[PDB]
Amino acid sequence: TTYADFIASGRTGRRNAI
Amino acid sequence: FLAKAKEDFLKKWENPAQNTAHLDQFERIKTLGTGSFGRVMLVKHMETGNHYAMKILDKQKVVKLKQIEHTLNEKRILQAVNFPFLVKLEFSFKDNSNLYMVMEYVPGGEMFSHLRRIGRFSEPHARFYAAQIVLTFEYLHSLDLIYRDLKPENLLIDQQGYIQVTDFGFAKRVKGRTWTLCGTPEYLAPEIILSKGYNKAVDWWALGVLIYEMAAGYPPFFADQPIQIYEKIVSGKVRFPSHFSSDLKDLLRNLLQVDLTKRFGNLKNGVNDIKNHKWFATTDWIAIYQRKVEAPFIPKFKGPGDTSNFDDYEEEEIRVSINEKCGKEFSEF
Ligand SMILES: COc1cccc([C@@H](C)NC(=O)c2ccc(-c3ccncc3)cc2NCCN)c1
């Protein structure tokens, strides 16, 4: 599922500005 | 309302308030969060017992990363604005080493924390929050201000369950086009990525990304590295979950529109195209502004000065040099 792919990704925490 | 709001803003924009408190008036309790040039701390005004959130910036770190202009923009704008869904700046001052901004404390924490925990919000829950952003952007854009950093991390939940927008670090007063590459990868409009000149329409694209993330539980464009995220944004393709309503999918296609001549909020009727859309049919716009609508979630209150709705961070002693640093650079702060 798309949800499972998101939770397994490295960008589920707080995202910083570029 | 907007004509009177502009008169109030311009008076403060032309003659900004400076040096309205001192560091020795506050007791530093705990770190609430961190950033590139410093931290946000929970403080207590000793003589009244009032609690506040204090943003601390190291002057030397600001200059090193060439962020002087953006830092001056943030303070000048925040001291001049006034809206129910914007965090209020109470005091501002500086010393030999740092810059300080003392804001109202929001104990409910960031929308980010609650969204990740429960997974996703229902369409009526997502609608309530989205309506507050629409009104806030209507107010900000009318003053010629561009926000440029909409994300769940910057949306704080107050004790009434209403939103308070924080972090004006990339906010700017501009008439026409601007070119700075700034923001969060997942929320960047295609015109920002493609090094083109851009305007207020980048905030309306960001609203599309926010509504999608709130209702789905994940962003419309995600990967492990920023370069892969940018590839997905410029392609134009978006896939919606089967649980998304017909009216929600239509609004998102109009907000996440690559073509500037077709993007909602950027047409002849402006903000009215969003406010009159089928997804917002049940929304009482005046009752939202007046805070009369029942909130879907009210954060647990554990007394004044409680930090349970915030994550733990490692403490550090605040240093003040006996010599003034970057005096001329921050003269107007
Ligand atoms: C570039 O250097 C920086 C140095 C220090 C901070 C920052 C940025 C990242 N943080 C903020 O501007 C910020 C300020 C105030 C509050 C806040 C919390 C509670 N009640 C009221 C207000 C929340 C914030 N961010 C929340 C998402 N992390 C950048």
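Here chain A follows Swiss-Prot for its numbers: 6-23, in order, are the residues you see.
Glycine is no exception: its Cβ is also placed from the backbone N, Cα and C atoms.
For A:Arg16 (site 'Important for inhibition'), applying a Cβ distance below 8 Å and a minimum sequence separation of six or more within one chain yields no residues. Marked as site 'Important for inhibition' by Swiss-Prot: A:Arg16 (among others).
Taken from Swiss-Prot, the feature site 'Important for inhibition' applies to A:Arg19 (among others). A:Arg19 (site 'Important for inhibition') falls within neither a helix nor a strand when secondary structure is assigned with DSSP, and so counts as coil. Close to A:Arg19 (site 'Important for inhibition') in the fold, though at least 6 residues off in sequence, lies no residue with a CB less than 8 Å from its CB.
Positions annotated as site 'Important for inhibition' by Swiss-Prot: A:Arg20 (among others). Sequence-distant contacts of A:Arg20 (site 'Important for inhibition'), defined by Cβ-Cβ distance under 8 angstroms and a gap of at least six in the same chain, do not exist.
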